[PDB]
Amino acid sequence: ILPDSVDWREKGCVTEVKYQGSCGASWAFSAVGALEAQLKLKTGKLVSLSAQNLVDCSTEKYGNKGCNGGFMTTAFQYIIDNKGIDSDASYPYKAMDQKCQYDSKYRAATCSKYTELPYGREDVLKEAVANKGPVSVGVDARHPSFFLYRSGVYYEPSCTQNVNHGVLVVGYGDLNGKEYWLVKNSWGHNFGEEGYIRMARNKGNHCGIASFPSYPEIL
Ligand SMILES: COc1ccccc1C1CCN(C[C@H](O)Cn2nc(-c3ccc(C(F)(F)F)c(SCCN4CCCCC4)c3)c3c2CCNC3)CC1
């Protein structure tokens, strides 16, 4: 029923890796990442969506704090409420808290709903990644082994299920018997494998990868 491997990058549904710099907007990058894939799936056009738009506009009414962190779910709720999000090109990433400058004239995507997946359920995440597209997730990235990761399947014995960094699952597979989640980060191309990390899959919700997954959909 489900494929052994998926890689949404090969379906033209994933934009280039971005670089959040010293602004804690991983939540914003994870959210736009997931919506970018739905925009391509539904319109055939792959366009980077404005993470800055989320940082400036999906703020304290959404429980978010811009460069001091936030949630992908309430980012999606902002896009829903706002009836749009601007393209990255029109509303570029400055890695700073700014005044909201959303302009409907440069709306590149919309969002009608989002779905949150049950805590810890990697089978359900697998299904969603296969059948719906890239899923926005949280991970515990506060380990040197994570930010120093280069290649292979990341496993960290002291990883917890308490998430603190937003990323985007763009697929899954296995590498010589070790199953993994294919994860797009927002630490630029010099993080990991050209900006991606393969994280242990079906090993007890490792690094809380399936603790808080969510994905948007477009009407
Ligand atoms: C104040 O709330 C308001 C107010 C108004 C409207 C809506 C809300 C929302 C109500 C509640 N929801 C989500 C729920 O709490 C579920 N959930 N989600 C997460 C969750 C997911 C992804 C990420 C990630 F790493 F990917 F970014 C994260 S990193 C922490 C994000 N922090 C840090 C700084 C302060 C603000 C942002 C956490 C957690 C939980 C529960 C347990 N702890 C972790 C968020 C806010």
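Note that the numbering runs from 1 along the sequence shown for the chain. Remember, it's 1-based here, ligands and their atoms both numbered in the order they're listed. Hydrogens, waters and symmetry mates are skipped; everything else that's a heavy atom, side chains included, is used.
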> With a cut-off of 4.0 Å, which atoms of ligand 1 are near a heavy atom of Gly138?
Replying inline: 26 (F)
> For ligand 1, is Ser26 a contact, meaning one of its heavy atoms is under 4.0 Å away?
Replying inline: no
> Side chain or backbone of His165 under 4.0 Å from ligand 1, or both, or neither, by non-hydrogen atoms?
Replying inline: backbone
>> Ring centroids only, cut at 6.0 angstrom: are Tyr93 and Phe29 within range, meaning strictly under it?
In response: yes
>> If I compare all heavy atoms of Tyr154 with all of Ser145, which pair ends up nearest, and what's the gap?
In response: OH-OG, 2.9 Å
> Hey, which atoms in ligand 1 end up nearer than 4.0 Å to a heavy atom of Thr74?
Replying inline: 7 (C), 9 (C)
> Taking heavy atoms and a distance under 4.0 Å, where does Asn164 meet ligand 1: side chain, backbone, both or neither?
Replying inline: backbone
> Which ligand 1 atoms are under 4.0 Å away from a heavy-atom of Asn68?
Replying inline: 34 (C)
>> Taking atom CG as the centre, does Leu148 end up with more than 12 heavy-atom neighbours from other residues, nucleotides or ligands that are less than 6.0 angstrom away?
In response: yes
> When you look at NZ of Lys203, are more than 12 heavy atoms from neighbouring residues, nucleotides or ligands closer to it than 6.0 Å?
Replying inline: no
>> Is the terminal nitrogen or CZ of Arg107 (NZ for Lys, CZ for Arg) located under 6.0 angstrom from the six-membered ring centre of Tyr102 and within 45° of that ring's axis?
In response: no
> So, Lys184 and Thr15: side-chain donor and acceptor under 3.5 Å apart, yes or no?
Replying inline: yes
>> Closer than 4.0 Å to some heavy atom of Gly70 - which atoms of ligand 1 meet that?
In response: 27 (F), 31 (C), 37 (C)
>> Out of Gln161, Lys65, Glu116, who is nearest to atom 35 (C) of ligand 1 when you count heavy atoms only?
In response: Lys65
> For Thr73, is the nearest heavy atom under 4.0 Å from an atom of ligand 1?
Replying inline: no
>> Just so I know, are the side chains of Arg198 and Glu193 near enough to count as touching, which here means a heavy-atom distance under 4.5 Å?
In response: yes
> Which residue from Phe71, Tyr78, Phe212 reaches closest to atom 13 (C) of ligand 1 through any of its heavy atoms?
Replying inline: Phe71
